[PDB]
Amino acid sequence: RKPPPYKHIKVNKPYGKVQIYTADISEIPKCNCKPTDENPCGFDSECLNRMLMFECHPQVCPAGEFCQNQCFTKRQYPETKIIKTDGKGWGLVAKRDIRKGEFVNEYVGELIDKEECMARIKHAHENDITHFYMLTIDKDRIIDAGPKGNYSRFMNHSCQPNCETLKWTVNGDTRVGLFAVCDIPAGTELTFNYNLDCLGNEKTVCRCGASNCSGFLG
Amino acid sequence: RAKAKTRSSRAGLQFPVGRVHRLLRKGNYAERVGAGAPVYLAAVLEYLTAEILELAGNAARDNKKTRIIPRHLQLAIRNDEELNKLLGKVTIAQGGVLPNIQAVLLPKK
Amino acid sequence: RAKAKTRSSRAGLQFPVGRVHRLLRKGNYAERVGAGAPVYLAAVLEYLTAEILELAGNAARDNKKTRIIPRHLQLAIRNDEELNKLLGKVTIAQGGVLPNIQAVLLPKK
Amino acid sequence: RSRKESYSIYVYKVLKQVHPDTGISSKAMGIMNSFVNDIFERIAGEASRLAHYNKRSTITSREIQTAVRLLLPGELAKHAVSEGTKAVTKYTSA
Amino acid sequence: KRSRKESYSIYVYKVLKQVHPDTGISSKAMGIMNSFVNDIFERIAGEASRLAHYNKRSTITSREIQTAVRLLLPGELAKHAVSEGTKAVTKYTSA
Amino acid sequence: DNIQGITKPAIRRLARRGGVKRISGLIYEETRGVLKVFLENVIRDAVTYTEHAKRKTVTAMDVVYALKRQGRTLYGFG
Amino acid sequence: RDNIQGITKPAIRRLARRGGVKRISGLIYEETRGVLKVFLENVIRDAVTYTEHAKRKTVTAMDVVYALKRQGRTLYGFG
Amino acid sequence: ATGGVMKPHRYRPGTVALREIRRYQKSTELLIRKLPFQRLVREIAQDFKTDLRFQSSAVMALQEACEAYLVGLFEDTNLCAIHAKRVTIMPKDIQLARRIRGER
Amino acid sequence: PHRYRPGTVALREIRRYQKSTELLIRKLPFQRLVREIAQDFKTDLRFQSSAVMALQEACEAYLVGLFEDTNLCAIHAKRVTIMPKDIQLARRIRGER
DNA sequence: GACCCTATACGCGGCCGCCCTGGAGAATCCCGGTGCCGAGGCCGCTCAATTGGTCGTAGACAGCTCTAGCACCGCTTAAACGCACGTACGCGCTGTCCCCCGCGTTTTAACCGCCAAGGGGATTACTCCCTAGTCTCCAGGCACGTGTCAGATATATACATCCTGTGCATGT
DNA sequence: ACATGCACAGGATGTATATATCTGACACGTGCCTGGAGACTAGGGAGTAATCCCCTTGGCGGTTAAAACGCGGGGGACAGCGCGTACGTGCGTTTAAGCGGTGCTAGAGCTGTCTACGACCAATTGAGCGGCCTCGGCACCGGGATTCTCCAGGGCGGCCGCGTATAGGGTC
Ligand SMILES: Nc1ncnc2c1ncn2[C@@H]1O[C@H](C[C@@H](N)CC[C@H](N)C(=O)O)[C@@H](O)[C@H]1O
Ligand SMILES: [Zn+2]
Ligand SMILES: [Zn+2]
Ligand SMILES: [Zn+2]
């Protein structure tokens, strides 16, 4: 029918005893781009924040509003929809061609700790839950896109992917964004390598379909 | 007498002409100190202080601060060519450095 | 009165204690110069001169010359470590350079 | 509990003259004291040597002017000379 | 008319004949030795001068000269110069 | 072995402020030697000043004078 | 008057040889003329300052010596 | 029926390095710990005179001077490295910097 | 037809000029250069012969030291040839401009 | 089962890279004259060092206060440390090609020596005004105290977009 | 008759901003008191003029060393490639820095006293400076003796091709 219901949230939601590190607007990096430039803080320019996976801030960036480096807070996700996959569940396909390096989406969910993460994995084993949305953003902080998330949680693993997860630092805190690693024409389903999923369990088979498929998730 | 009138006032200066005169006298630079030597020296010291303080205030305004801190003095000195040359061999406590990354260390396409 | 006895002879020096005393007094170094300050300083200048001249005379002998020329002073100064620290920023007229060639420039065997 | 002379009040007077609404930290004021003392000592020493080279007993405004030309680089020297000669012109006529 | 120009030529030559009896010295080398003695005199004198000013003294004494020797000269030069000057001072005051 | 208290992270930070991206692993020990030389010289002269004033305590002005004597004028301590 | 060209290429090669330099790129001569001119300009500027302060119309060897000493390049053998 | 977290790609080598470059060229703090530097200072001073005492401002001045010295030295040695067509600084680079400066 | 190999006369010259103590620039060219530099500071200047000689001695010493540092820079880059970038690196590290 | 067809490494020189001298210039040293000019030794004199005595204050020496330097202890937590991993950078090897060196020929201008000439540095004699020294006196600047006014800042109350759940319109 | 598609009044919390409270950081205000300022004088340093008389500038002419120029070619600069490992990134533990508070005392920093050292002055006299002269140390030259570099041919170690010996396999 439809995917099981989830609270479609827009920004990371902390939970339990997790704690963000949000810095003040004075101590976020500022580049050297100028508002008169050809593409201030643009994708292909030499923005010193873009090169270092830093997100510009319109109230700090010297380019003011000409800064094309606010792709996280402004949420310029290219339009995409959800389609049931062969034997993986639901994936997503965009609405247009994507040139290599276009910010595709941002992974977002509920911020949990390590012991809460293992509690949720235990509870999932108790009810043979097979879909897992965890993604370790760092020690003591894991994203869980299970209950709360966005469309990005509907991207599947493929051993030869067309997207990837990169960590950016936005407003002084880490966030994870899905980026395009190759020129993806529309109609093509989007998929990134989870890059690890084995904690202690039986390594669910990887029915990705890549030529170099590792068979399992690893 | 006639209402002492503080030579700095007579020169139109803010720095102390009398104190500079006394420091020249009690400092073993020559056995005599001219009348206009302290005036000249106080004027030059005031001019250089005004130059540095103006540049440092500009820098402190670039950071949207209303106090000059050693960082701003350092930024003013290093970002001005002649002030940099005058104070090249000087270290400013709590100054830091100019932000500068060589062009070869930057990530490439 | 006693005939005379130059203060160098009293100190057992070859350098002039009296002339050094006058130079200290007329150089604006301080308002008073102690009795033993010129004596000490003449001794130290004499020691340093003797050290340099010893090494320069050795260098002159090593070149089969019996007369010191600026080249020998240069060789003495640059071949000694302490005198090279002392005179590291000094140029010696008609002194030349030490004979140094880097090992990477010698012809490969 | 003893007096300690400083250039702080004069530095602050010059500050209010160029940036009327900007303050200055205590550490920055200390740095400005050190700066003024350093430059004073440089100029005074160079002028003292200038007198001794020419065999004069007097440090005059002329020698302070020449000490400024040696020690200051270019535009700083020109403006410092102009400022000082204006101060001496103004002082001697009052 | 012809004014007298002082120099350390005779003293440098006296010291030379102590340490190398059969050795002469060119006029240019003697000029270099004059410049060297004047340079070292000025360094020690200036260092002791400002060393007296730091301590709020007005007298340049043998203690000032000794400390200016330790500041300006390296290692063994400093040790031997200090000992030599101390010897000359301690034998000056016994005559 | 207090020169080992100038840890590797500290040297890396000092290299970052100098604009250094990659650091060979032989740098650290080398850098320590450099530091221990510089320090020595300055402290030597500082103690000299301290002994000439007949003080048992090394004053910030002694350090400042030593540094200026070595051509490394320092503003902010006197 | 291109007098800086009188510091000829062979003279620069000789100065390089006394420095231990074995092979010399052909772009070194203009660079070295520029370096030499800058250094000479600084020293002559300070020497002429010393000369004018003494009211003299002749630059003496002591003016050069004082200029060098104040630039940190003390020169023995001229006074 | 496995579970297990996913892991984002670590930063490419040289990205946290450039982040740190910008961060430490933006701040003015002291980059060495203070107790270790003070212990080293006292140990070095024991060779010149025993039972010495230090003013706190003396040790702070020493730290400021040494840290500024090392930062400038690292700038020159980075220039040496880049001259040699590298981006890694090596002991030979420090030695060339110090030799050209005059310290060696 | 006999001819030395490219680099042995250079070493010969290195030894010959590190053995000598003499001025390597000509006299009249350097003197004219000094006068033309001094024209832009004050006109109608005179020059004691010892003044121009001291200037030449100092400039030659400067350039010899600079070339030593330049040669070290070239050897650092695993070259034998000195190039303008080596002079620039030496001058930058020294403190010059 | 033996005999002949047939493949496959075996050794037998087969040229080769590649040292190793041998000899030819070229350069550098070495030794005897030769002469020349500057080191160095003496003379005369003058001016600066020495002798002696006087006088004032710089500093040494003792003594006291109270600052700040050191020693210690307990807690929090950030930083350092050790290890795993993986890539991108250093370094070695190769080729190519250009540019700099070594050498010969031509050209030019430095250099040497000699001669004037006059500019300007050095010296001397007056002189006059500018600075030290001094004494008196008052206010400028420093030490200490307390007000004021920010930014910062956690508290708290209204607003804006989302979330809800059973009811409104409807195609079965 | 009915539940699918889908909504609209109420809740509800993020969202935006007013609001009472801290914490300094300086900001005026006294309160002194020490050090500039006024006023005046004495004398020596500096300025001006005159004069000498070195020494810098300019010219001329010849000699010849040196720069300029051309050219072949060798070797070094430099671009490209590959690999392997060293270093950067990140995690999990451990350690020790930093902070705070407590407590004690060495010794910095000042005051008071007085003495003995240094400035200062006048007379004296010998050391050092300018001038002058000479003779030996060194520079230069020239011819012969080594010494060093460079390259043309021979031995000395290869692997290397080619004919060849040794043994597996098919057949009578
Ligand atoms: N390539 C794949 N083949 C088979 N199953 C997959 C694959 N990728 C993801 N999954 C399943 O999807 C889960 C990962 C989750 N992010 C869910 C993604 C999935 N598209 C969904 O939103 O339901 C895992 O628990 C797997 O069971
Ligand atoms: Zn930008
Ligand atoms: Zn931007
Ligand atoms: Zn797969």
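Side-chain atoms are counted along with the backbone in the values below, which use heavy atoms only and exclude waters and symmetry mates. In the text below, chain A, chain B and the rest are named by the order of the sequence lines, each starting its count at 1.
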With the side chain defined as heavy atoms from C-beta on, E:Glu6 is closest, among J:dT50, J:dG102, K:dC129, to K:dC129
In whole angstroms, the gap separating P of J:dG44 from CZ of E:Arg4 amounts to 18 Å
Categorize H:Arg10 for me: base, sugar-phosphate, or nothing, with a 4.0 angstrom heavy-atom threshold over every strand shown. base
Rounded to whole Å, NZ of B:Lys3 lies from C1' of K:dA37 at a distance of 12 Å
Notebook entry, point to check: Okay, side chain of E:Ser26, backbone of E:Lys28: is any donor-acceptor separation there less than 3.5 Å?
Noted result: yes
Establish, from distance only, whether the side-chain atoms of D:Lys4 and D:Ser6 form a donor-acceptor pair under 3.5 Å.
-> no
Could you check whether I:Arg5 gets within reach of a base, just the sugar-phosphate, or nothing at all, counting any heavy atom under 4.0 Å? sugar-phosphate
In whole angstroms, the gap separating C1' of K:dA96 from CD of F:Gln4 amounts to 16 Å
Legend entry - Touch class at under 4.0 angstrom, heavy-atom based, for E:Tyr11 against every strand present: sugar-phosphate
The residue, B:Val17 or C:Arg25, whose nearest nucleotide of DNA chain K is more 5′ is B:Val17
Those residues at least two apart in sequence (or on a different chain) that pass salt bridge (charged side-chain N to carboxylate O under 4.0 Å, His left out) with I:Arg5 are none
- Query: So what does A:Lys167 touch, heavy atoms closer than 4.0 Å: a base, only the sugar-phosphate, or nothing?
  - Reply: sugar-phosphate
From the candidates K:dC110, K:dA139, K:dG45, the one with an atom nearest any side-chain atom of C:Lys65 is K:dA139
Whole-Å distance, B:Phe15 CZ to K:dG36 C1', equals 18 Å
Side chain to side chain donor-acceptor pair (under 3.5 Å) with F:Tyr28: of F:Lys8, F:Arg12, F:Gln4, only one passes, and it is F:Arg12
Note: J:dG13 sugar, classed by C1'-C2'-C3'-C4' (positive north, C3'-endo side; negative south, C2'-endo side), is south
Base, sugar-phosphate, or nothing for C:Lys108, non-hydrogen atoms under 4.0 angstrom?
nothing
Out of J:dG141, K:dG88, K:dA37, minimum distance to the side chain of B:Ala4 belongs to K:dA37
For J:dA49 and C:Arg22 - does any side-chain N or O of the residue sit under 4.0 Å from the phosphate oxygens OP1/OP2? yes
Sequence neighbours excluded, the answer for side chain to side chain contact (heavy atoms under 4.5 Å, CB included) partners of E:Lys17 is E:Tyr13
In terms of pucker, with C1'-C2'-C3'-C4' positive for north and negative for south, the sugar of J:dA150 lies north
The salt bridge (charged side-chain N to carboxylate O under 4.0 Å, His left out) partners of C:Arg19 (sequence neighbours excluded) come to E:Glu6
key: Stacked pair K:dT4/K:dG5, ring centres under 5.5 Å, planes under 30°   = no
From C1'-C2'-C3'-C4' (positive north, negative south), J:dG120 puckers south
Of the candidates J:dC89, J:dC70, J:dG40, the side chain of H:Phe54 sits closest to J:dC70
Those residues at least two apart in sequence (or on a different chain) that pass salt bridge (charged side-chain N to carboxylate O under 4.0 Å, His left out) with B:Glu31 are none
Whole-Å distance, I:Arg32 CZ to J:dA109 P, equals 9 Å
Testing K:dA46, J:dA132, J:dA48 for proximity to the side chain of D:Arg56, the answer is K:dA46
Of the listed K:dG72, J:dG40, K:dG137, the closest approach to the I:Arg3 side chain comes from K:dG72
Regarding the side chain of I:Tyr4, the nearest nucleotide among K:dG128, J:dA26, K:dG130 is J:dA26
Inset, instruction - Would you classify E:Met30 as touching base, sugar-phosphate or nothing, given that sugar-phosphate means primed atoms plus P, OP1 and OP2, and contacts are heavy atoms under 4.0 Å? - result: nothing
**Report entry** Between H:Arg19 and A:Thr169, a side-chain donor and acceptor under 3.5 Å
**Finding:** yes
Whole-Å distance, C:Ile69 CD1 to K:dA139 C1', equals 12 Å
By nearest-nucleotide position on DNA chain K, the 5'-leaning member of B:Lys5 and I:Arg15 is B:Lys5
Looking only at K:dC110, J:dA132, K:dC138, the nucleotide nearest the C:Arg67 side chain is K:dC138
When E:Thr59 and D:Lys55 are each assigned the nearest nucleotide of DNA chain J, the 5'-most assignment goes to E:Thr59
B:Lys5 side chain to B:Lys3 backbone, donor-acceptor under 3.5 Å
no
At under 4.0 Å between heavy atoms, what does H:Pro36 touch on the DNA or RNA strands: base, sugar-phosphate, or nothing?
sugar-phosphate
Notebook entry, point to check: Reckon C:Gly34 touches a base, only the sugar-phosphate, or nothing at all at heavy-atom distances under 4.0 Å?
Noted result: sugar-phosphate
(message) Students often get this wrong, so: under 4.0 angstrom with heavy atoms, is E:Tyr8 touching a base, only sugar-phosphate, or nothing?
(response) nothing
Next on the checklist: Considering every strand and a 4.0 Å limit on heavy-atom distances, what is the contact class for E:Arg63: base, sugar-phosphate, or nothing?
Outcome noted: nothing
B:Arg19 vs J:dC142: side-chain N/O to OP1/OP2 distance below 4.0 Å: yes
Is a donor on one side and an acceptor on the other found under 3.5 Å between the side chain of G:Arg17 and the backbone of G:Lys22? yes
Taking only N/O atoms, report every protein-nucleotides 74-80 of chain J pair under 3.5 Å with atom names and distance.
| unit_1 | atom_1 | unit_2 | atom_2 | d |
| --- | --- | --- | --- | --- |
| J:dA80 | OP1 | F:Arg13 | NH1 | 3.1 |
| J:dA80 | OP1 | F:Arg13 | NH2 | 2.8 |
| J:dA80 | OP2 | F:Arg13 | NH1 | 3.4 |

The correct pucker label for K:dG11, given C1'-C2'-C3'-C4' positive equals north and negative equals south, is south
Does H:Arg19 reach a base, just sugar-phosphate, or nothing at all? Heavy atoms under 4.0 Å. nothing
Q | Cation-pi geometry met for H:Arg42 and H:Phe37 (6.0 Å, 45°) | A | no
Interface polar pairs with nucleotides 119-122 of chain J, N/O, under 3.5 angstrom:
| unit_1 | atom_1 | unit_2 | atom_2 | d |
| --- | --- | --- | --- | --- |
| J:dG119 | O4' | I:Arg46 | NH2 | 3.3 |
| J:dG120 | OP2 | G:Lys57 | NZ | 2.5 |
| J:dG120 | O5' | G:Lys57 | NZ | 3.4 |
| J:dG121 | OP1 | G:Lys57 | N | 2.9 |
| J:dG121 | OP1 | G:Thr58 | N | 3.1 |
| J:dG121 | OP1 | G:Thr58 | OG1 | 3.1 |

Check your understanding: With a cut-off of under 6.0 Å to the ring centre and 45° to the axis, is A:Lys167 in cation-pi contact with H:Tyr11?
Key -> yes
Exercise for the section: Classify the side-chain pair H:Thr88/F:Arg22 by whether it contains a donor and acceptor separated by less than 3.5 Å. Expected result: yes
Per atom distances to the E:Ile10 side chain, the nearest of J:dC101, J:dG59, K:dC129 is K:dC129
Between CG of D:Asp21 and P of K:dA25 the distance, given in whole Å, is 20 Å
Between C:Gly18 and I:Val9, whichever has its closest DNA chain J nucleotide further toward 5' is C:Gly18
Rounded to whole Å, CD of D:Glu63 lies from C1' of J:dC130 at a distance of 14 Å
side-chain N/O B:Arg1 vs K:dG36 OP1/OP2, d < 4.0 Å:
no
